[PDB]
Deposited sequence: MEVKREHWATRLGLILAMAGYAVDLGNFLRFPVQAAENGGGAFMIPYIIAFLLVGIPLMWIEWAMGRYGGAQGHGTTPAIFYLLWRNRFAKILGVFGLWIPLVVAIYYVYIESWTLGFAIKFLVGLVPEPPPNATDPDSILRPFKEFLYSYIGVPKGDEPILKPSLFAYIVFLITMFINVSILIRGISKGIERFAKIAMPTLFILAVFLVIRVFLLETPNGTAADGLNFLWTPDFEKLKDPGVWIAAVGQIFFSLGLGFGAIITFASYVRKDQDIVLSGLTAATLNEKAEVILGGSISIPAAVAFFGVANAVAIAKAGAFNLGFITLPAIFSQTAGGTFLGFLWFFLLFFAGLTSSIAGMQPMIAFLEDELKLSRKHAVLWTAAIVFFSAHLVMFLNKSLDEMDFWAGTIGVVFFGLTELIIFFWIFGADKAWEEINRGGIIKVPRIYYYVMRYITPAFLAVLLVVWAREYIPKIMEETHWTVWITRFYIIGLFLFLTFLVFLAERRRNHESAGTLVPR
């Protein structure tokens, strides 16, 4: 079995997975909407009671499986729980990242496309008033994606958007096909320092921004001024637990698979904690210092609330580009912003497609070359649904990217700490540890962490599922049909894997 060559590469690869577009866009918006500086109280608590415990568990499960030559959850769950239902539940841990890949790599391709257009100056140039500046960029984005102008749920992406998607798939393949140490690990040691340099440059440049409407200082103010009255709202604690869960990328299978290339007795306690820490720093320090402070500096604190409510996507793909076209040398600034997002996405997508690569390698005994090419083939083909069918992206993001992962996160906890055995699980986590997990976490992992996730899942199921089922367009069944099919297809692959094993 392949192994991470160095401790540094392992940590940077894991952190690279966690550090994504959300760090620079989602987190700052969530913080502004849920109490500003006060948001850090439930955020740190969620980190302590949910994020860190689960992450250690996923590392442990992965390393445990890797020791027996298995990197994915259908086989790993079966090792922890010799039951047929464990294998089927394990399929979900292969389905979720596959479905996410089918839309996320496409979104990743947008950032590359925008970076190129900015670099060569193929961007709009307004003109006055905010709407006079934003609209040309809203249209620019919509023409890139091909947002429906009529009543049909049909997208019509530009030729450029389609070709950039191909190139983005090629870049992902180039890394993955070289493997863990020579591919993913090698790239992490280049990409993370590059990510850090781009962000710091952006932070510095943003802190120098001054407009008649305000300054960057105003932005940092609005974002970090605490509003403790929002702490009463249970949804703010839900938002924190949710933010933490997604920011660490728990429940996606990627962490377990990466850990399966960690040697049997190599530390995971300190390494895992370190990776999580980098993500948190990149999140609150770098992410919180760029997008929102820039927006408030240009439009004024008067529009701070409106900007925050417009969402993470509008902020990163419409608002900031518009601002950059109004600032000195902003065109090169725009390139750097989208270059930053692209590497943040790329380090996440190579991690997210590895579980499917690992499964074909470990369980169906495919060569790395074949496993990478077939995985890319499926993601590329399937993505045409996301490229041409409106709201298909959203449907996939909901079932797999939202409900699925929280459900799967809870499933990991229960199977590991309750079915497999908390004592066996506890020793599995701490073995080879540079530091030992605090004794208190035994109770957290067993009762607190699953309680939190159960609450999150129930609240989100009751809130969003009735809406999605009753108020959506009929074309959502096309996407539902397709991803249910993918789950059946994977169940079949798992079936062939156990049949092959019975023969040999």
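Gaps without C-alpha coordinates occur at 1 to 4, 132 to 134, 512 to 519, with positions taken along the deposited sequence from 1.
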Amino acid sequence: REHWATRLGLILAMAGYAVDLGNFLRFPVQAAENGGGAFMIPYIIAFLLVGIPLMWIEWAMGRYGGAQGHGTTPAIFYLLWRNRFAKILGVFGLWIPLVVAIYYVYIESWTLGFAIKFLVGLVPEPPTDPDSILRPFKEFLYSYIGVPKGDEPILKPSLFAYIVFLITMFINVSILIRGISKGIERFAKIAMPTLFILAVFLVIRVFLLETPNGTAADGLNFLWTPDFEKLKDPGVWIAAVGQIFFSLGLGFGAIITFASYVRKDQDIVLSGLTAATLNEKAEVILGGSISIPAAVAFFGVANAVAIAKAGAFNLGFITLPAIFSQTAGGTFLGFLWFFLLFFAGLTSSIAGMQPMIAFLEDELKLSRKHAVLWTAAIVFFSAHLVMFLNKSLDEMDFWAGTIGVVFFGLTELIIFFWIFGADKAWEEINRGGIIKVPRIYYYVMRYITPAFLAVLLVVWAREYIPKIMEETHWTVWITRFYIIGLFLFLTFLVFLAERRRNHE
From here on, numbers count along this sequence of modelled residues.
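The stretch 35 to 43 shows the higher mean C-alpha B-factor when 35 to 43 is compared against 54 to 62 in the entry. Mean C-alpha B-factor is higher over 143 to 151 than over the other stretch, the pair under comparison being 358 to 366 and 143 to 151. Of all the options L209, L250, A377, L389, the entry's greatest CA B-factor is assigned to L209. Ranking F165, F342, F222, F317 by Cα temperature factor from the entry places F222 first.
Per the PDB record, residue ranking by Cα B-factor puts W460 in the highest third of the chain. Placement of the Cα temperature factor of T73 within the chain: lowest third of the modelled residues, per the deposited record. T449 sits in the middle third of its chain by CA B factor, as recorded in the PDB entry.
Compared with the other modelled residues of the chain, the Cα B-factor recorded for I96 ranks in the lowest third. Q266: CA B factor in the middle third of modelled residues in this chain (values from the PDB entry).
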